[PDB]
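This report refers to the structure that appears directly beneath it.
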Amino acid sequence: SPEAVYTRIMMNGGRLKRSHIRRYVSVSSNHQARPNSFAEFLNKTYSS
RNA sequence: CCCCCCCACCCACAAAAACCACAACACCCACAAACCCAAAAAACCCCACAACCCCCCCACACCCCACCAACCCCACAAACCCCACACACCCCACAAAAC
C-alpha cells in the first residue's frame, strides 16, 4: 500500500537500506553502462 | 681434483676521502582572464513498418541399434625367467702411491 511504503521510508529516516544499495550496485555493475545512463549513474554513485 | 722458496687482505705514494660545494637558487609549479576534455535548439532504450516472435515442425519415424554365425585385439603342437658351454662373477688389483 502507499501508506505501508511511506511508513517504511519514514522508519529509515528517508535513507536507503543496505539491501537497496546492494541491489542497485548488482544491477549496475553487471551491465554495459551507457554514457549518461541510469546504469552509469548507479555505478558512479553507489559502489565500494 | 696439497705444496717453488719468501710469503701470504684480489691493503697501501703524498695529500686526502659525501660519486658535497661559483653565485643565485631550489614543487621534473605557474602567461592572463579564467579555471567540468558541459552545454545551439529539439531531444534522449546503440526501442519500434506491419504480421509475428522456440536460430519448432513434410510425413513415417526416432539407440550416429540390428544379415546371420558370433562375440578375449585366446589358442597348431611342444612350451613358457627377454635363465644357463665351461670357468666364473667389485664395470678391484703391476709396482709405488694415494689433500
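The letter at position 32 of the first sequence is residue 18 when you use my numbering, and the numbering goes up by one with no holes. Beta carbons: idealized from backbone N, C-alpha and C, even for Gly.
Check residue i in the structure and name its three-state DSSP category.
i: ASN29; result: helix
i: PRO21; result: coil
I need the straight-line Cα distance from residue i to residue j, nearest angstrom please.
i: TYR32; j: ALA25; result: 11 angstroms
i: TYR10; j: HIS17; result: 11 angstroms
i: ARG1; j: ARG8; result: 14 angstroms
Classify residue i as buried or exposed, calling it buried when 16 or more other Cβ atoms lie within 10 Å of its own Cβ.
i: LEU28; result: buried
i: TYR(-8); result: exposed
i: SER12; result: exposed
i: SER14; result: buried
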